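Remarks on the structure that follows.
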Amino acid sequence: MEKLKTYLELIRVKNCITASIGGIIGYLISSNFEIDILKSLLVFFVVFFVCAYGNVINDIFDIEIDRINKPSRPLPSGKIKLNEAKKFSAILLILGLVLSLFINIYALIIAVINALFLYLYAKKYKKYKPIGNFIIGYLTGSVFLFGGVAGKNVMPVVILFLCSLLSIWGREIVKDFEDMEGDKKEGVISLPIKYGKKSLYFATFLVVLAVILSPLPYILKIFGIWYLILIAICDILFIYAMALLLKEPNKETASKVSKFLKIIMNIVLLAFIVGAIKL
Numbered sequence: 005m006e007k008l009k010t011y012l013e014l015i016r017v018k019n020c021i022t023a024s025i026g027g028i029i030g031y032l033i034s035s036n037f038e039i040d041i042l043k044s045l046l047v048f049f050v051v052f053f054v055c056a057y058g059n060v061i062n063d064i065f066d067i068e069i070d071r072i073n074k075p076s077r078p079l080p081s082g083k084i085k086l087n088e089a090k091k092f093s094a095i096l097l098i099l100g101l102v103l104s105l106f107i108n109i110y111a112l113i114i115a116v117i118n119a120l121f122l123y124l125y126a127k128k129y130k131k132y133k134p135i136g137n138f139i140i141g142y143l144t145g146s147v148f149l150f151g152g153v154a155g156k157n158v159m160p161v162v163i164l165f166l167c168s169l170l171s172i173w174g175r176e177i178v179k180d181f182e183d184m185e186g187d188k189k190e191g192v193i194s195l196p197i198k199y200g201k202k203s204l205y206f207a208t209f210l211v212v213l214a215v216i217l218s219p220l221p222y223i224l225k226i227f228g229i230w231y232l233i234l235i236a237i238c239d240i241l242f243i244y245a246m247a248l249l250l251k252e253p254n255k256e257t258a259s260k261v262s263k264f265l266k267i268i269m270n271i272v273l274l275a276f277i278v279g280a281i282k283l
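Each residue of the sequence shown is one higher than the one before, counting from 5 in PDB author numbering.
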């Protein structure tokens, strides 16, 4: 009904399908495209409910802020009472942790950890970006590792998880150097506020480390030639982007570099799928 769409509006059903597809992606790579409908269904829904829980627990803590910032949303627009939402988040979470027991121990561990981070980020680490950047980096990388841990060969997914964590956390800092003026006025603590271009040296450091781990699926004789070529074009571009921002550390370059890194991050994800297709 019309009341149902309000609940689908709260959980952000599109964003959840997106994270769940990211979950199945990790499962495909790990099983080498050898799918089991029963394991595929658990992976799609554990990621869906944990994501639905994160999205719901965020709207609860941001109700006082969304009465200004983002109005017309289910909670600040009276559509759902605060207690209706609180009861709902408990249910979505119980499903996420129970369904993961049916995958294995590691899947339950990743689910519990995601859940703790999702609550802590929504509660306090959202406007304290030094810890909050890592939370976004880890939570993004973890959706692949989820499906990956359900598979027979998790080694290529572990490289994908680590590389995602490092390049997203790094990009988050580059993003906070572009957002420095709006952050300071809002009373938000970030690395480019606490330090100068020094934060952009640490941003470079993660981008570099991820680039060192990236040729490992080839080195470990897991992925083929196509992976190695795709990763070589991107590894060079990743370091080139960072080198340009260190040259001109201003708002405009931080903006352009942030956009480019989003592209060459997708080309790397594609490279992992292409590498897995070639069995």
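Quick reminder that beta carbons are idealized off the backbone N, C-alpha and C, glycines included.
Where residue i falls: helix, strand or coil (DSSP)
i	result
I216	helix
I226	coil
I193	strand
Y132	strand
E38	coil
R71	coil
residue 4	This structure leaves residue 4 out entirely; the chain is present only between 5 and 283.
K18	helix
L79	coil
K156	coil
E252	coil
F65	helix
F242	helix
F106	coil
Whether residue i touches residue j by CB criterion (8 Å)
i	j	result
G155	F227	no
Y129	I139	yes
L217	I267	no
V50	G82	no
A115	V153	no
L232	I271	no
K188	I197	yes
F65	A126	yes
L169	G141	yes
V215	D183	no
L250	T208	yes
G151	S259	no
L143	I84	no
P80	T10	no
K131	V212	no
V102	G26	no
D70	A89	no
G145	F165	yes
Burial state of residue i (16 or more Cβ within 10 Å)
i	result
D40	exposed
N137	buried
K133	buried
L105	exposed
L149	buried
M159	exposed
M5	exposed
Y205	exposed
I172	buried
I281	exposed
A94	exposed
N108	exposed
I98	exposed
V261	buried
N254	exposed
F37	exposed
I229	exposed
residue 3	Outside the displayed range of the chain (5 to 283) lies residue 3, so it cannot be described from this structure.
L265	buried
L210	buried
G174	buried
N-terminal and C-terminal residue of the alpha helix (DSSP H) that residue i is part of
i	result
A115	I109 to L124
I267	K255 to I281
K202	Note, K202: premise wrong, no alpha helix (DSSP H); not H, not E.
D180	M159 to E182
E6	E6 to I15
Residue i Cβ short of 7 Å to the ligand ZN heavy atom set
i	result
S259	What this structure holds is no ligand at all, so the ligand ZN is not there to describe.
- Query: How do the stretch 51 to 59 and the stretch 118 to 125 stand: do at least 3 beta-carbon pairs fall below 8 Å, yes or no?
  - Reply: yes
- Message: Quick check: the stretch 71 to 80 against the stretch 25 to 42, are at least 3 beta-carbon pairs closer than 8 Å?
- Response: no
- Item | the stretch 176 to 193 in contact with the stretch 244 to 261 per 3-pair CB rule at 8 Å | yes
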